[PDB]
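In what follows, a structure is listed as structure tokens, so that the remarks can point back to it.
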Amino acid sequence: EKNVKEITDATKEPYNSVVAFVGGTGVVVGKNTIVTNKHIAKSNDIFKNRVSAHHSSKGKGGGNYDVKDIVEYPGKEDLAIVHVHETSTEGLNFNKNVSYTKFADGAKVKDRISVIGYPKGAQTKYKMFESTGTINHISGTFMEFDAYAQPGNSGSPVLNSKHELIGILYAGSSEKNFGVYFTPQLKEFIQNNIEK
């Protein structure tokens, strides 16, 4: 599928749970706590580099938050937790400026989904886009879906028809894309690593 629309104002749920890194996307799951891919989290460590809360072309910021630390999932899955410092250098509070996306607790093949993130962000001044498609395969922590995606979509939340989080995109092949599918085990890892 290629139905891709810009979200010009991402101050509303669920778009206000989406975050921009240099080089890709993440999603907010709880207090000070973001989920993304390993390379997105890790690389952003080299330049260690702020995250922008739901950047969009027309919404009120957001705010841009310094990364406190990361927790990489111990297994092969392309999953990392990123903690931010709650208060931005402009005095905005992360938790007052985002929402926490709820878990879907799984999905079925043929389910209609949305991938939301920042394809070609460096070229678009980090416009947020939502791309719709279908789940084509689920196996363990692996899923495939056909929502159109590009460089910049790494770490993008894949949401179900109720705005709940099924997993995150990690790879293309494109309209043939791969994600980390959140099994109970992955959900537990994420939840155990949300700040109190």
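Every heavy atom of this structure was used, including side-chain atoms; hydrogens, water molecules and symmetry mates were not. Residue indices begin at 1 and follow the sequence shown.
- Nearest heavy-atom pair across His39 and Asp78 is N-OD1, 4.1 Å.
- Of the possible donor and acceptor atoms, none in the side chain of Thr134 sits under 3.5 Å from a partner among the backbone N and O of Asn136.
- Nearest heavy atoms, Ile135 versus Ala107: CD1-CB, 3.6 Å.
- Using a 4.5 Å heavy-atom cutoff, the side chains of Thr25 and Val19 are not in contact.
- Without hydrogens or angle criteria, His55 side chain to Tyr126 main chain gives a donor-acceptor distance under 3.5 Å.
- Between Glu164 and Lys102 there is a salt bridge, since a side-chain N of the basic residue sits under 4.0 Å from a carboxylate O of the acidic one.
- A salt bridge links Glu1 to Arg112: one of the charged nitrogens lies within less than 4.0 Å of a carboxylate oxygen.
- Remark: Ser52 pairs with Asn64 by the side chain to side chain donor-acceptor pair (under 3.5 Å) rule, at least two apart or across chains.
- The stretch residues 169-195 participates, sequence neighbours left out, in these ring pair (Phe, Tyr, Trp, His ring centres under 6.0 Å) pairs: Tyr73-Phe189, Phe142-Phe178.
- Although no hydrogens or angles enter the test, the distance criterion places a donor-acceptor pair under 3.5 Å between the side chain of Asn44 and the main chain of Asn49.
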Would you check, one step at a time, whether the test side-chain contact (heavy atoms from CB on, under 4.5 Å) holds for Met143 with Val158? CA-CA 10 Å; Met143 68 179 166; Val158 180; 3.8 Å; yes

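- Between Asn16 and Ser99, the side chains place a donor N or O and an acceptor N or O closer than 3.5 Å (distance only, hydrogens not considered).
- For NZ of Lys176, the number of neighbouring non-hydrogen atoms (other residues, nucleotides, ligands) closer than 6.0 Å is 12 at most.
- For the pair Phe145 and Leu169, the minimum side-chain heavy-atom distance is below 4.5 Å.
- Judged by distance alone, the side chains of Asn95 and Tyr100 do bring a donor and an acceptor atom under 3.5 Å apart.
- Here the CD1 atom belonging to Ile40 is positioned 13.0 Å from the CG atom belonging to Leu79, to the nearest 0.5 angstrom.
- Heavy atoms only, all atoms of each residue included: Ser56 and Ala10 are closest at OG-N, 3.2 Å.
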Just do the side-chain contact (heavy atoms from CB on, under 4.5 Å) check on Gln191 and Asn193 with the steps written out, would you? CA-CA 5 Å; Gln191 292 190 310; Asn193 289 276; over 6 Å; no

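- If you take CD1 on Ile7 and NZ on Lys127, they are separated by 13.5 Å, rounding to the nearest 0.5 Å.
- The shortest distance between side-chain heavy atoms of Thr101 and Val29 does not fall below 4.5 Å.
- Using modelled atom types, one side-chain atom of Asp111 and one backbone atom of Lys108 make a donor-acceptor pair closer than 3.5 Å.
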Could you go through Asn97 and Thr11, starting from their C-alpha distance and side-chain angles, then the distance that decides it, and tell me whether this counts as side-chain contact (heavy atoms from CB on, under 4.5 Å)? CA-CA 8 Å; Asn97 283 98; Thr11 64; over 6 Å; no

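- Note: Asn3 CG to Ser131 OG = 7.5 Å, rounded to the nearest 0.5 Å.
- Between the CD atom in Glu72 and the CD1 atom in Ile70 there is a gap of 4.5 Å [rounded to 0.5 Å].
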*asked:* Between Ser114 and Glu130, is the side chain to side chain donor-acceptor pair (under 3.5 Å) condition met? List the steps.
replied: CA-CA 6 Å; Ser114 289; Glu130 178 175 5; 2.6 Å; yes

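- Between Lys68 and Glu195 there is a salt bridge, since a side-chain N of the basic residue sits under 4.0 Å from a carboxylate O of the acidic one.
- Between the CG atom in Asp146 and the OG1 atom in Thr132 there is a gap of 9.0 Å [rounded to 0.5 Å].
- Note: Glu86 CD to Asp66 CG = 13.0 Å, rounded to the nearest 0.5 Å.
- In this structure, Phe94 and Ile34 have side chains that are in contact, with non-hydrogen atoms separated by less than 4.5 Å.
- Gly24 approaches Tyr118 most closely through the heavy-atom pair O-CD1, 4.3 Å.
- In terms of heavy-atom proximity, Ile113 sits nearest to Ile166 at CG2-CD1, 3.4 Å.
- The shortest heavy-atom contact between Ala147 and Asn177 is O-OD1, 2.7 Å.
- By the 4.5 Å heavy-atom criterion applied to side chains, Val51 and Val84 are counted as neighbours.
- The shortest side-chain heavy-atom distance between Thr33 and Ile81 falls under the 4.5 Å cut-off.
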* What do the steps show when you test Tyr65 against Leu92 for side-chain contact (heavy atoms from CB on, under 4.5 Å), and what is the final call? -> CA-CA 9 Å; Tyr65 299 89; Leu92 297 167; 3.6 Å; yes

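- In this structure the side chain of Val35 reaches within 4.5 angstrom of the side chain of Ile168, judged on heavy atoms.
- Remark: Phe103 pairs with no residue by the ring-ring contact (aromatic ring centres under 6.0 Å, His included) rule, at least two apart or across chains.
- For the pair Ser156 and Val115, the minimum side-chain heavy-atom distance is below 4.5 Å.
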